[PDB]
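One chain is shown next in structure tokens, namely the form deposited without the RNA.
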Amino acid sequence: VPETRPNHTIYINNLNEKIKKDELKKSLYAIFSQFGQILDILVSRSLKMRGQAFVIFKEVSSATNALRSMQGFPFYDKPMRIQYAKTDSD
């Protein structure tokens, strides 16, 4: 869990796989909006995207504070694991 190139997008895994993707997106917004303006939250029903999401902030500083504060937060009773996203085009 290091600084691996600050990014305005955070990658979340260890998510509760039983939750419907629309609900999960909204619930993510509920807890992450406190750190500043979110452009989008990406969740896929794709198979290799099971307990995963990307939260895209306008500012890199929102992402950094969100990663620092919410590391481990039990979300649907499951502690989330958060890193900076790694550059692909999305």
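One-based numbering along the sequence shown.
One more form of this protein should be noted, the form deposited with the RNA bound, which is absent from this view; the next part is about it.
Q: Given that the RNA is not shown alongside this chain, does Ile31 nevertheless sit within 4.5 Å of it in the deposited complex, heavy atom to heavy atom?
A: Contact with the RNA, no.
Q: In the deposited complex, does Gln52 have a heavy atom within 4.5 Å of the RNA?
A: Yes, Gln52 sits close enough to the RNA in the deposited complex that at least one of its heavy atoms falls within 4.5 Å.
Q: May I ask you to state whether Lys58 is within 4.5 Å of the RNA in the deposited complex, using heavy atom distances?
A: Result no; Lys58 lies far from the RNA in the deposited complex.
Q: If you look in the deposited complex, which residues in 76 to 90 sit within 4.5 Å of the RNA (heavy atoms)?
A: Those in contact are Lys78, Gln83, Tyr84, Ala85, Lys86, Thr87, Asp88, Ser89, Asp90.
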